[PDB]
Amino acid sequence: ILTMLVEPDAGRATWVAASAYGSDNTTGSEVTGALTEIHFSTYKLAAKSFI
Amino acid sequence: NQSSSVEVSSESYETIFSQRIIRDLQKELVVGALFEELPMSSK
Amino acid sequence: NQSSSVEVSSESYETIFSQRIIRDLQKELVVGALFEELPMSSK
């Protein structure tokens with residue numbers, strides 16, 4: 001088997017109001033993301049003959 | 001495998017864990033940078 | 001880990017696999033090679 005990594009989707013920030021500038025909302029929100037993986041395999045094909 | 005006389009403990013000892021990272025097709029952005037910029041220095 | 005903002009795909013990428021094989025204690029052999037050998041060249 002072979003495994004590779006797949007990058008997640010896109011994020012989005014937040015528009016803050018000028019009112020909330022003093023508080024901790026000025027930072028905005030948290031953008032998160034978890035990776036993923038895929039796998040590959042093989043099958044067997046064969047043939048024979050006699051002389 | 002689990003076919004011949006000797007085996008392997010688990011599938012993780014049958015895999016190559018590559019660090020290659022790939023990404024699908026992303027939506028293009030057109031409105032981000034089509035209008036000219038107006039610099040500012042105050043409210 | 002599943003604690004920060006970004007996470008890994010699975011525990012396969014949080015793990016190190018070692019090619020080291022270790023064995024427990026095995027019973028000692030005594031009678032196998034304590035008698036003299038009588039070679040033969042017939043039935």
# chains A, B, ... in the order shown; residues from 1 in each chain; ligands from 1
call {"tool": "residues_around", "arguments": {"residues": "residue 40 (chain A)", "least_positions_apart": "5", "cutoff": "8 Å", "atoms": "only C-alpha atoms", "output": "PyMOL selection string"}}
result
chain A and resi 1-3
call {"tool": "write_last_selection", "arguments": {"atoms": "N, CA and C atoms", "output": "mmCIF file, in the first residue's frame"}}
result
data_model
loop_
_atom_site.group_PDB
_atom_site.id
_atom_site.type_symbol
_atom_site.label_atom_id
_atom_site.label_comp_id
_atom_site.auth_asym_id
_atom_site.auth_seq_id
_atom_site.Cartn_x
_atom_site.Cartn_y
_atom_site.Cartn_z
ATOM 1 N N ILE A 1 0.844 -1.184 0.000
ATOM 2 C CA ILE A 1 0.000 0.000 0.000
ATOM 3 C C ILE A 1 0.882 1.237 0.000
ATOM 4 N N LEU A 2 0.339 2.327 -0.534
ATOM 5 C CA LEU A 2 0.989 3.626 -0.540
ATOM 6 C C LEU A 2 -0.008 4.663 -0.055
ATOM 7 N N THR A 3 0.447 5.567 0.804
ATOM 8 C CA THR A 3 -0.429 6.574 1.379
ATOM 9 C C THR A 3 0.166 7.960 1.195
#
call {"tool": "interface_residues", "arguments": {"of": "chain B", "to": "chain C", "cutoff": "12 Å", "atoms": "only C-alpha atoms", "output": "short mmCIF file (atom, residue, chain, number, x, y, z; two decimals) with C-alpha atoms, in the first residue's frame"}}
result
data_model
loop_
_atom_site.label_atom_id
_atom_site.label_comp_id
_atom_site.auth_asym_id
_atom_site.auth_seq_id
_atom_site.Cartn_x
_atom_site.Cartn_y
_atom_site.Cartn_z
CA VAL B 8 3.83 -9.69 9.21
CA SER B 9 2.41 -8.24 12.42
CA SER B 10 0.16 -5.57 10.92
CA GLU B 11 -0.58 -3.69 7.72
CA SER B 12 1.45 -0.68 8.87
CA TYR B 13 4.51 -2.82 8.20
CA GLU B 14 3.34 -3.19 4.59
CA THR B 15 2.82 0.49 3.73
CA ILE B 16 5.05 3.36 2.69
CA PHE B 17 3.81 6.52 4.43
CA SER B 18 4.80 9.30 2.04
CA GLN B 19 4.89 12.94 3.10
CA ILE B 21 0.76 16.51 -0.02
#
call {"tool": "atom_distance", "arguments": {"atom1": "CA of residue 23 (chain B)", "atom2": "CA of residue 13 (chain A)"}}
result
21.0 Å
call {"tool": "atom_distance", "arguments": {"atom1": "CA of residue 7 (chain A)", "atom2": "CA of residue 31 (chain A)"}}
result
14.1 Å
call {"tool": "interface_residues", "arguments": {"of": "chain A", "to": "chain C", "cutoff": "9 Å", "atoms": "only C-alpha atoms", "output": "MDAnalysis selection string"}}
result
chainID A and resid 5:6 30:37
call {"tool": "write_last_selection", "arguments": {"atoms": "N, CA, C and O atoms", "output": "mmCIF file, in the first residue's frame"}}
result
data_model
loop_
_atom_site.group_PDB
_atom_site.id
_atom_site.type_symbol
_atom_site.label_atom_id
_atom_site.label_comp_id
_atom_site.auth_asym_id
_atom_site.auth_seq_id
_atom_site.Cartn_x
_atom_site.Cartn_y
_atom_site.Cartn_z
ATOM 1 N N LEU A 5 -0.937 12.450 1.548
ATOM 2 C CA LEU A 5 -1.715 13.405 2.317
ATOM 3 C C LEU A 5 -2.518 14.311 1.395
ATOM 4 O O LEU A 5 -2.068 14.676 0.307
ATOM 5 N N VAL A 6 -3.714 14.676 1.848
ATOM 6 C CA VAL A 6 -4.620 15.539 1.102
ATOM 7 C C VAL A 6 -4.949 16.749 1.963
ATOM 8 O O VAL A 6 -5.399 16.601 3.104
ATOM 9 N N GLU A 30 -11.096 31.588 14.858
ATOM 10 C CA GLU A 30 -10.036 30.609 14.664
ATOM 11 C C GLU A 30 -10.340 29.753 13.445
ATOM 12 O O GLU A 30 -11.427 29.177 13.342
ATOM 13 N N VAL A 31 -9.378 29.666 12.533
ATOM 14 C CA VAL A 31 -9.500 28.843 11.339
ATOM 15 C C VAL A 31 -8.756 27.539 11.576
ATOM 16 O O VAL A 31 -7.577 27.545 11.950
ATOM 17 N N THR A 32 -9.442 26.423 11.358
ATOM 18 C CA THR A 32 -8.920 25.106 11.678
ATOM 19 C C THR A 32 -8.968 24.220 10.443
ATOM 20 O O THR A 32 -9.680 24.504 9.477
ATOM 21 N N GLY A 33 -8.199 23.136 10.483
ATOM 22 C CA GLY A 33 -8.168 22.208 9.373
ATOM 23 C C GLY A 33 -7.445 20.911 9.666
ATOM 24 O O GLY A 33 -6.334 20.915 10.202
ATOM 25 N N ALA A 34 -8.063 19.794 9.304
ATOM 26 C CA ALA A 34 -7.490 18.472 9.503
ATOM 27 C C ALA A 34 -7.153 17.851 8.157
ATOM 28 O O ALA A 34 -7.959 17.898 7.224
ATOM 29 N N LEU A 35 -5.964 17.268 8.063
ATOM 30 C CA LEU A 35 -5.536 16.630 6.831
ATOM 31 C C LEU A 35 -6.312 15.335 6.600
ATOM 32 O O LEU A 35 -7.055 14.858 7.461
ATOM 33 N N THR A 36 -6.140 14.771 5.407
ATOM 34 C CA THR A 36 -6.705 13.474 5.062
ATOM 35 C C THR A 36 -5.685 12.688 4.253
ATOM 36 O O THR A 36 -4.618 13.193 3.896
ATOM 37 N N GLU A 37 -6.028 11.437 3.956
ATOM 38 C CA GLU A 37 -5.109 10.537 3.281
ATOM 39 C C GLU A 37 -5.862 9.637 2.312
ATOM 40 O O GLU A 37 -7.064 9.404 2.450
#
call {"tool": "atom_distance", "arguments": {"atom1": "CA of residue 3 (chain C)", "atom2": "CA of residue 9 (chain A)"}}
result
19.0 Å
call {"tool": "select_by_dssp", "arguments": {"residues": "chain B", "states": "strand (DSSP E)", "output": "list in words"}}
result
residues 16, 17, 18, 19, 20, 21 and 22 of chain B
call {"tool": "write_last_selection", "arguments": {"atoms": "N, CA, C and O atoms", "output": "PDB file, in the first residue's frame"}}
result
ATOM      1  N   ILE B  16       4.101   2.264   2.717  1.00  0.00           N
ATOM      2  CA  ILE B  16       5.052   3.365   2.689  1.00  0.00           C
ATOM      3  C   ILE B  16       4.259   4.639   2.926  1.00  0.00           C
ATOM      4  O   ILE B  16       3.416   5.023   2.107  1.00  0.00           O
ATOM      5  N   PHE B  17       4.517   5.294   4.056  1.00  0.00           N
ATOM      6  CA  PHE B  17       3.812   6.517   4.427  1.00  0.00           C
ATOM      7  C   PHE B  17       4.586   7.695   3.859  1.00  0.00           C
ATOM      8  O   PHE B  17       5.565   8.153   4.449  1.00  0.00           O
ATOM      9  N   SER B  18       4.147   8.185   2.707  1.00  0.00           N
ATOM     10  CA  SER B  18       4.800   9.296   2.041  1.00  0.00           C
ATOM     11  C   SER B  18       4.313  10.619   2.612  1.00  0.00           C
ATOM     12  O   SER B  18       3.164  10.751   3.035  1.00  0.00           O
ATOM     13  N   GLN B  19       5.207  11.600   2.622  1.00  0.00           N
ATOM     14  CA  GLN B  19       4.891  12.937   3.096  1.00  0.00           C
ATOM     15  C   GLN B  19       4.399  13.850   1.986  1.00  0.00           C
ATOM     16  O   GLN B  19       4.198  15.044   2.225  1.00  0.00           O
ATOM     17  N   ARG B  20       4.221  13.322   0.777  1.00  0.00           N
ATOM     18  CA  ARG B  20       3.711  14.128  -0.320  1.00  0.00           C
ATOM     19  C   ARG B  20       2.296  14.602  -0.019  1.00  0.00           C
ATOM     20  O   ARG B  20       1.452  13.838   0.457  1.00  0.00           O
ATOM     21  N   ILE B  21       2.041  15.875  -0.299  1.00  0.00           N
ATOM     22  CA  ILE B  21       0.760  16.508  -0.016  1.00  0.00           C
ATOM     23  C   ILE B  21       0.213  17.082  -1.316  1.00  0.00           C
ATOM     24  O   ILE B  21       0.929  17.776  -2.044  1.00  0.00           O
ATOM     25  N   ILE B  22      -1.050  16.782  -1.610  1.00  0.00           N
ATOM     26  CA  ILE B  22      -1.681  17.195  -2.855  1.00  0.00           C
ATOM     27  C   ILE B  22      -2.990  17.899  -2.541  1.00  0.00           C
ATOM     28  O   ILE B  22      -3.612  17.662  -1.501  1.00  0.00           O
TER      29      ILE B  22
END
call {"tool": "residues_around", "arguments": {"residues": "residue 17 (chain A)", "least_positions_apart": "6", "cutoff": "12 Å", "atoms": "only C-alpha atoms", "output": "VMD selection string"}}
result
chain A and resid 23 to 28
call {"tool": "select_by_dssp", "arguments": {"residues": "chain A", "states": "helix (DSSP H, G or I)", "output": "count of residues only"}}
result
8
